[PDB]
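A short write-up of the structure that comes next.
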Amino acid sequence: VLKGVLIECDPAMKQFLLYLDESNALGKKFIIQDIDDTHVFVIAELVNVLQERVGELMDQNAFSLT
Amino acid sequence: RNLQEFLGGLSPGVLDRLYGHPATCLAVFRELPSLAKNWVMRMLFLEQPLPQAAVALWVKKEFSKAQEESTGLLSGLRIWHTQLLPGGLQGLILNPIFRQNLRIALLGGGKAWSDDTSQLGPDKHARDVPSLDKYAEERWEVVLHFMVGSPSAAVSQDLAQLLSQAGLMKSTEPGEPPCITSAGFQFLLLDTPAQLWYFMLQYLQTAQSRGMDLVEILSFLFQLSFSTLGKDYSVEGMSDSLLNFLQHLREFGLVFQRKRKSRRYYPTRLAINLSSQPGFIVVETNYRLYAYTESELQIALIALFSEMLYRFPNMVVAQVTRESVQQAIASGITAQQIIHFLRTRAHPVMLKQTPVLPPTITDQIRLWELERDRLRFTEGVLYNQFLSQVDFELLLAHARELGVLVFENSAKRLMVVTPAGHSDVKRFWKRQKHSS
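Each protein sequence line maps, in turn, to chains G and D. Per the deposited numbering, the first sequence starts with residue 4, numbered consecutively. Under the deposited numbering, read the second sequence as residues 17 to 292, 303 to 462, first letter to last.
Below, the structure written as structure tokens:
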């Protein structure tokens, strides 16, 4: 059995996380278990960098008016 | 919470004692729905109970849901009580005390709510309505600044303790000033009548600590609610505790009084609005806010969820950006509260349009709110070691019975449960194999 964090979101973000896992963007393969098309299993020790990457992807194609 | 929710949990004796004051009965009647008011008026001049079916036939079949809701609310408020009509029938009759007080309030009779005002003659230091409004605004601004933590605003110790008990601000260490939490921000974003009502409800809840009569405080508050603006009332005729409570109202700006020993007190506009102005914010389709305000309180409130651009001596020009909204949400303020605050403070010019605010801006704010909650994270334990479907089904049923299940998938025989229930699930699984 595994101990960690289940992450649920739209399939686009799941595919983005899979691309990050295969490209070693975070430096390792910590995206370990895939259970569903919209659910993934991730070790909680580095969830913060995943949030940072998601935020960077989100605000990259945003064109903030500030 | 609202008045009806607070009154629902009170004992029947407290509700009956509340109905002893005509002012309370009028407030309760006005808090009733539209359908309930007609029923109360029809049954006002009835000395005999009416059959339940006869009352139910007044409203059409299509609107029976509203009739049922009104009847349930009236029963919960104990305005009327079912009477055992002879022959096995059930009769509906209003509470005699409540009905008598309502008739006294409407038709007349008995003594006046206030003792007298002409016994002491005109007030030597009487003020005017604009002065009272300015005093109330200054008091409210001081209170809200003290909530923010500005050193310019200083209040009494018990008032600060009340905020701590309300959960708006927490005092981590003694001596150090408390820090405003997310609940404090939500309270700040609320409308002024809503803020006053919430503060009064918190005061009523905490009054049990001081051992003060809830009925007397509620009756006095309701009497102040219907009090005419600009007219003084006699301090005499009240218990010692209530006057002390009145002194707290003096700190809240609801009631203005020259001195503690003075026998005259003037209810303010805020006290009248407690029972229930034009708005000073103009919203443009280009995500720009134009506010006609000068006090630092409103400027800070707007800057909480917006980026400031210009501050003219009588104008504030700000821009609503994605980053500002995200920061405000991270501070704990939801998009619905922001929309409600903008609608409440909306300029009268914008009221001409069929929508108070443009749909595009509200939709954009709501979409920005959902950005933070787009990703769902659940810490837990995943079981994926099921050899047979039957074994998986039993463990899944046990987890559902325990209520610790997070996610289930019978197609792949994978489950995810909370870490707290992981020990219980493991113990159950071990017992099943060992006993087999």
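Even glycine gets a Cβ: it sits at the ideal position worked out from N, Cα and C.
- Using a Cβ-Cβ cut-off of 8 Å, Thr197/D does not count as an interface residue toward chain G, since no Cβ of chain G sits closer than that to its own.
- Of the candidates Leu66/D, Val251/D, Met228/D, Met228/D places its Cα closest to the Cα of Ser257/D.
- For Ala317/D, the beta-bridge partners assigned by DSSP are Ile307/D, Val342/D.
- Linking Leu286/D to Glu154/D through their CA atoms gives a straight-line distance of about 12 Å.
- Judged by beta-carbon spacing, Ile387/D lies beyond the 8 Å limit of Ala361/D, meaning their Cβ atoms are not closer than that value.
- By DSSP's assignment, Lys6/G forms a beta bridge with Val407/D.
- A residue is called buried when at least 16 other Cβ atoms come within 10 angstroms of its Cβ; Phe367/D meets this threshold and is buried.
- Shown in chain order are the members of the region 346-357 of chain D whose Cβ falls below 7 Å from a Cβ of chain G: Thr347, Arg348, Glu349.
- When the five nearest sequence neighbours on each side are left out, the beta carbons in the same chain lying within less than 8 Å of the beta carbon of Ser198/D are those of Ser357, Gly358, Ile359, in order along the chain.
- Taking a cut-off of 8 Å on C-beta distances, the region 26-39 of chain G does not touch the region 56-73 of chain D, as fewer than three cross pairs fall below it.
- In this structure, the alpha-carbon of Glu320/D lies about 11 Å from that of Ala326/D.
- For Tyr219/D, the enclosing alpha helix (DSSP H) stretches over residues 208-226.
- Neighbourhood of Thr386/D in chain G, by CB distance below 9 Å: empty, with the nearest CB roughly 14 Å away.
- At least 8 Å separates the beta-carbon of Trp96/D from that of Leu105/D.
- In this structure, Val251/D and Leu245/D do not form a Cβ contact; the two beta carbons are roughly 18 Å apart against a cut-off of 8 Å.
- Around the Cβ of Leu62/D, a 10 Å sphere holds fewer than 16 other Cβ atoms; the residue is exposed.
- The Cβ atoms of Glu47/D and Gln20/D lie closer than 8 Å to each other.
- Taking a C-beta cut-off of 8 Å against chain G, the contacting residues of the region 427-444 of chain D are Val432, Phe433, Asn435, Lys438, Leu440, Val442, listed in chain order.
- A direct Cα-to-Cα measurement between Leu178/D and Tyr219/D gives close to 8 Å.
- The Cβ atoms of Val346/D and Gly406/D do not sit closer than 8 Å to each other.
- Look at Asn435/D here: in three-state DSSP terms it is strand.
- Bounds of the beta strand (DSSP E) holding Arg280/D are 280-283.
- Rounded to the nearest whole angstrom, the CA to CA distance from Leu60/D to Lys378/D is 40 Å.
- Inter-residue distance for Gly88/D and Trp213/D is about 24 Å (C-alpha atoms, whole angstroms).
- When secondary structure is reduced to three states using DSSP, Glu333/D falls in the strand class.
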